[PDB]
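Here's the letter readout for the chains.
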Amino acid sequence: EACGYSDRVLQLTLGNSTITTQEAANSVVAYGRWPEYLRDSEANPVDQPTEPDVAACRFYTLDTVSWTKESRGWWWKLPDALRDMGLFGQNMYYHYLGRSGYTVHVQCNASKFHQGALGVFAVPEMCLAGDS
Amino acid sequence: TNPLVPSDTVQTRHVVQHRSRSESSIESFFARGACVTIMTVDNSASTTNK
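As recorded in the PDB header, X-ray crystallography is the method behind this entry, and the stated resolution is 2.9 Å.

In the nomenclature of the PDB entry, chain B corresponds to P1/MAHONEY POLIOVIRUS from the organism Human poliovirus 1.

Labelled according to the PDB entry, chain A appears under the name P1/MAHONEY POLIOVIRUS, originating from Human poliovirus 1.

(A) Inspection of the overall build of chain A at higher detail. Per the secondary structure count, chain A includes one helix and two strands. Listing the helices and strands of chain A from first to last along the sequence gives β-β-α. Along the first, second and third principal axes, the C-alpha atoms of chain A reach 55 × 55 × 30 Å. Looking at chain A as a whole, 8% of its 132 residues are labelled buried. For chain A, the proportion of contacts with a sequence separation of at least 24, taken over those separated by at least 6, is 51%. With the model as given, the accessible surface of chain A reaches about 12200 Å², and the carbon-plus-sulfur share is 52%.

(B) Structural view of the overall build of chain B. Of the regular secondary structure elements, chain B holds one helix and zero strands. Computed over the C-alpha atoms, the radius of gyration of chain B is 28 Å, more than 25% above the 10 Å expected from 2.2 N^0.38 for a compact globule of 50 residues. Reported as C-alpha extents along the three principal axes, the dimensions of chain B are approximately 85 × 25 × 15 Å. Out of the 50 residues in chain B, the part that is buried amounts to 2%. With an accessible surface of roughly 5500 Å², chain B has 54% of that area assigned to carbon and sulfur atoms. The positive charge centre, built from 5 side chains, and the negative charge centre, built from 4, are 7 Å apart in chain B.

(C) Focus on the environment of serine 44 of chain B. In this structure, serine 44 of chain B sits in the segment after α1 (26-30). At a separation of 3.2 Å, a polar atom in the side chain of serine 44 of chain B contacts the side chain of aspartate 42 of chain B.

(D) A look at the pattern of salt bridges. Evaluation of the coordinates by the stated rule reveals seven salt bridges over all chains. As a salt-bridge pair, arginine 39 of chain A and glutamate 36 of chain A come within 3.1 Å of each other at their nearest N and O atoms. Look at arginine 39 of chain A and you get partly exposed, because its relative accessible area is 38%. Among the salt bridges present, the one from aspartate 42 of chain B reaches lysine 50 of chain B, with a minimum N-O distance of 4.0 Å. Here the two residues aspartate 42 of chain B and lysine 50 of chain B agree in accessibility, since each one is exposed. It is possible to trace a salt-bridge network through shared partners that takes in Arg33, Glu36, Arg39 and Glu42 of chain A.

(E) Seen up close, the pairing of strand β2 (residues 17-21) of chain A. All names here are of chain A. Burial along β2 is one-sided: the face carrying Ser17, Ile19 and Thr21 is buried and the face carrying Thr18 and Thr20 is not. Inspection of the sheet shows strand β1 (residues 10-14) paired to β2 by five bridges, in the antiparallel sense. What sits directly across from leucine 14, in β2, is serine 17. Hairpin remark: β1 followed by β2, antiparallel, with two residues in the connecting loop; positive phi at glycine 15, about 65°.

(F) View of the interface of chain A and chain B. Opposite the ten residues of chain A that make contact, chain B presents eight residues. Summed over both partners, the interface of chain A with chain B comes to about 810 Å²; 52% of that surface belongs to carbon and sulfur atoms. Among the residues of chain A in contact with chain B, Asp40, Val46 and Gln48 of chain A are the three that bury the most area, contributing 56% of the side total. Put simply, chain A and chain B have one salt bridge between them. For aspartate 40 of chain A, the salt bridge is made with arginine 13 of chain B, and the minimal N-O distance between the two is 2.9 Å.

Reading the values: rules and limits
Residues numbered from 1 in each chain as written, not as in the entry; some residues may be left out. Chains lettered and ligands numbered in written order. Part of a larger assembly, values for the part shown. Heavy atoms only, no water. Helix = DSSP H or I, 4+ residues; strand = E, 2+ residues; numbered from the N terminus. Buried < 20%, exposed > 50% of the residue type's maximum accessible area, 1.4 Å probe, protein only. Contact = heavy atoms within 4.5 Å. Areas by Shrake-Rupley, 256 points an atom, 1.4 Å probe, with all protein chains shown as cover. Rg over C-alpha atoms; globule rule 2.2 N^0.38 Å. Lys, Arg positive; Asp, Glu negative; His and termini not counted. Charge placed at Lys NZ, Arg CZ, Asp CG, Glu CD. Polar contact = N/O pair within 3.5 Å; in protein donor to acceptor, adjacent residues only side chain to side chain. Salt bridge = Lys/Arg side-chain N within 4 Å of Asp/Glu carboxyl O. Pairing = 2+ DSSP bridges. Buried area = accessible area lost by both parts, 1.4 Å probe.

Laid out in structure tokens, this is it:
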């Protein structure tokens, strides 16, 4: 853009929360499918759904972890990582069934004199191996 | 028997129903060969008592 706009600079707003970034590498939409509500043709439970909207569809920040020379990596599962997050977690535990999409924003700044590369992966059905 | 459906007693959403009763029709219920008997015969030499 001749009037200024760029790939690296984004603003995301959901509910009462806004994220800004001046050093992005674009955004990814998994399998090219944007989150959506359940369609009537695909519906299954017959009862009137609860849709929390802005109360639950907002940005929750989890605990900041720390990257070092010895870090081997970190993992999280959804919805589990959000189970205690405000009105989302509450709606989650009061109902037998639920579905959700997510905007995941991973934040890690450093300096022009640091180096390193983090691979951020969203895995469908991420079954992990046990210790036995 | 009271012909009620869920929208009669609870708030329902709209659902486009795909399920069918195809397999529980009377034909479909009985469309299986079933064992009704086992008959025993043999081929031995017929002798004065047996």
